[PDB]
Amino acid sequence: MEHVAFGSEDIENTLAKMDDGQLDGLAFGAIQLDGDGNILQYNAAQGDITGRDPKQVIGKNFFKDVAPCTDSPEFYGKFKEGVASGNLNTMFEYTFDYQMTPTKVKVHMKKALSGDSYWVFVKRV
């Protein structure tokens, strides 16, 4: 288990060290996206929240294919503004309801420390 709190101020520094197995040790869902929204990493906690099988969604586009209910100004619009700006740090509640029981969550999106990739962190509320 990786001991990291959801919403921590320096979360991007702490998760910069994590391979897929380490990410699977977190208490919350974690997705790493490229600037187009393609999934680079998707952890076990996230799959428990959403029902998706992690290795099956890596490589898919989060907004176009996996999570169309997030293709909205309230989620994807924030993401793409942050990619365009090169800076992103926002936390909001959302409901995931595509081919699943509607599930209310808290989402924290934050630009990764290095390069140009973006974290999406999720926990139940």
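Quick note: we count residues from 1 along the sequence shown, nothing fancier.
Mean CA B-factor, 55-63 versus 93-101: the higher value falls on 55-63.
Averaged over Cα atoms, the B-factor as recorded in the entry is higher for 22-30 than for the other of 22-30 and 70-78.
Annotation for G35: CA B-factor lies in the highest third of the chain's modelled residues.
Placement of the Cα temperature factor of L15 within the chain: highest third of the modelled residues, per the deposited record. Among the modelled residues of the chain, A112 sits in the middle third by CA temperature factor in this PDB entry.
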